[PDB]
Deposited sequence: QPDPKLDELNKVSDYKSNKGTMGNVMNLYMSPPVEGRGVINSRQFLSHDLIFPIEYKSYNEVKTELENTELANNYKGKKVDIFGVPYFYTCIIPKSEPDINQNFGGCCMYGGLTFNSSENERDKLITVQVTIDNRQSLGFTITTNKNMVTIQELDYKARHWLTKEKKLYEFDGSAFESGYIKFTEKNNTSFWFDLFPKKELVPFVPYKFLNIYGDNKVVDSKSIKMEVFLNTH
């Protein structure tokens, strides 16, 4: 909050104009997410990040960065589950011994006795005229905003061309979350025109706060504007 005005949202046309490739963002939301159940961090690089012995594609470790040290300590040494959007460009993970790797922001929740999936109906509104909707699922009662956001954008990218290689079927837009206590916040769905080359730690850092909500009550709304 408060809801943004058309003028303050990042523009798709402006990214291409600056020689930016929307495909970099498309790849983040179309590629599989890091997913793990019941794991404990093996070590740390910085005091506000945690390295996990979790496998992702050809990687055997994953480093997730948290907004600050206090947030990190809350999960450190504890058995947790992981769900996040990974990146490799600019990802630096020093070996435990004495380089390249897989990185991400937040995405942590505490591991418990797995138990019925929850379905969430994501509300989509285009140019305040057309209404659409789809559903996403998670087994977690307490789920990160990141898990929900990825699943939402993944569907919109695959089904509605939210992100294309050189643009979008839209010009601007944002996703809004509203919790049970009526509090809300949003995310601009597109990259700042200044982000060229695409630097993942300046786009995905919105997940560093590792915000966690109740999947059974959370509300999700997407607003998109055509050209």
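Trainee: What portions of the deposited sequence, indexed from 1, have no corresponding C-alpha atom in the structure?
Mentor: Several stretches lack coordinates - namely 99 to 103, 121, in sequence order.
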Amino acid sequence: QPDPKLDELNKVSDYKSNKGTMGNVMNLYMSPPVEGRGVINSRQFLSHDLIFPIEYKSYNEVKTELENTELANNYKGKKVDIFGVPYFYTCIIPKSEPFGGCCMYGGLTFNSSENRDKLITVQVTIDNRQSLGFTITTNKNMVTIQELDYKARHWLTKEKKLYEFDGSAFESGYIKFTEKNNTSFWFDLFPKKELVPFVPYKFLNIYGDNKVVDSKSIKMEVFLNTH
From here on, numbers count along this sequence of modelled residues.
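Trainee: Using the B-factors recorded in the PDB entry, average over the C-alpha atoms of 189 to 197 and of 22 to 30, then report which stretch comes out higher.
Mentor: Averaged over C-alpha atoms, the B-factors run higher in 189 to 197.
Trainee: So 2 to 10 or 217 to 225, which one's hotter by mean CA B-factor in the entry?
Mentor: Between 217 to 225 and 2 to 10, it is 2 to 10 that shows the higher mean C-alpha B-factor.
Trainee: In terms of CA temperature factor as recorded, identify the highest of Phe134, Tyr105, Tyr89, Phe99.
Mentor: Within the set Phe134, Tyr105, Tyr89, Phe99, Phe99 shows the top C-alpha B-factor.
Trainee: In the PDB entry, which of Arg43, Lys63, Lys158, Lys202 has its C-alpha at the highest B-factor?
Mentor: Comparing C-alpha B-factors across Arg43, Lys63, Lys158, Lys202, the maximum falls on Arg43.
Trainee: Per the entry's values, where does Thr138 land by CA temperature factor relative to the rest of its chain, in the lowest, middle or highest third?
Mentor: Its C-alpha B-factor, which the entry lists for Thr138, ranks in the middle third among residues of this chain.
Trainee: Sort the modelled residues of this chain by their C-alpha B factor and say whether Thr144 lands in the lowest, middle or highest third.
Mentor: Tercile = lowest for this residue's CA B-factor.
Trainee: Is the Cα B-factor recorded for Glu164 in the lowest, middle or highest third of its chain?
Mentor: It falls in the bottom third of the chain.
Trainee: What third of its chain's C-alpha B-factors does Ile175 belong to: lowest, middle or highest?
Mentor: According to the entry, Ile175 has a C-alpha B-factor in the chain's lowest third.
Trainee: Which third of the chain holds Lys79 when residues are ordered by C-alpha B factor: lowest, middle or highest?
Mentor: Answer is middle: the recorded C-alpha B-factor places it there.
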